[PDB]
Structures are given as structure tokens and as C-alpha cells.
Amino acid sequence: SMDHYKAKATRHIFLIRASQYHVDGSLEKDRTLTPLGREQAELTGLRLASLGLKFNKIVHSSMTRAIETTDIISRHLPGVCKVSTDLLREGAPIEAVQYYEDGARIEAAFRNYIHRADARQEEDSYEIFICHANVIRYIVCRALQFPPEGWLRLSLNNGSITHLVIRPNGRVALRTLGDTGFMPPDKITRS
């Protein structure tokens, strides 16, 4: 749960891990989704669209694989706006200064997108964030007040859905973590 938090209605947070991609791509432009990663993103988009929810926005990491995952998912959610942010780019694997910078940035993402209540909120909101494993691990453990040793104990599949429910007073519930039950087992990967 979160301290010093007061929102006007309940917020549903859907954290999506980017789909399978070309890890060995030389440049960032080369680190595109694999054919299977594209199929994974289609399955996640189908599932999100079947929920019968009006999503307020899709916020996504600016990494190539997150942009491409977002593009595919967004096809299933016509009219939902998309916002790119460098704050949700992946953090270094769990050089000291790079880790300092990543920790500060992902904390800023948590504060800006998760802990921040929108004074303009007028009804329950449903928000999609398409990003990366370490970012999602950090956000989940911070929101639930789990220790940082918890990050590596969460093992998230490509394209998986993690669903947090934030009540107006800051109580946070974990409804699902790493959900890929909507994918056939022969399409499920971790990298």
C-alpha cells in the first residue's frame, strides 16, 4: 500500500512486459520483436480488448521492443491514446553509476505514474503501462511494500499482464502477476 496517497476513485494498473525480441540486435533499431513476439503481443491485445474496459491511456517505454508491443496491442484498442516515456526503459540487470541512474529513473516512474493521483480523475480508471521486467518488478514491490530482495523473485513471461488495484486511500491489491493464461503454452516465453 502507499502512504500520503489520496485518489478520487479506484485505479486499475495493467503492467505489460514487452514481447520476445532480438536480444542480439546490434543497434537499438535492430532490437525488434521476433515473429513469435509479434504473436505474443497480438494475444495480449486480444485479451485486453476482451475485458470490456475503456482504457484511459497506454503509457509505454521508448525501447524499440516496447514501441512495437504497444503498436500491436493498440490495434485492438481503437481510440486509446499512446504516450512514450524514457522513464519506463529497462533497468540494468539485477557499473555503480548506471545503477544509480536507473534506480532514480524507475523511482521517478513509480512516483509519476503509480503514486501520483490525478486531481482530474472523475471515475475509476484503467491504465496500461507497456515496459520491461525490472521496471515491473520494481513497481510491484514498491506498490505492495515488498523488500527490494523481492525483485528477482518475480519471474515475468513475455507479453504477460500484471494487474494492480489501487483503492482511493492507497491500499494496493495484486490481482494477477505475470498472467499469460490467455496464450497457448507453445507460445509462452521468458526470453
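Counting begins at 1, following the sequence as shown.
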item	value
Missing residues, deposited sequence, between residue 108 and residue 109 (class: none, 1 to 3, 4 to 9, 10 or more)	none
Selected stretch [higher average CA B-factor]: 116-124 or 69-77	116-124
Which of 176-184 and 17-25 has higher mean CA B factor, as the PDB entry lists it	17-25
Residue with highest C-alpha B-factor in the PDB entry, from 59, 53, 164, 156	53
Position of residue 191 among the chain's modelled residues by C-alpha B-factor, lowest, middle or highest third	middle
Residue 31 - which third its CA temperature factor falls in, relative to the rest of the chain	highest
Record-listed C-alpha B factor of residue 152: chain third	highest
Residue 63 - Cα temperature factor, lowest/middle/highest third of chain	highest
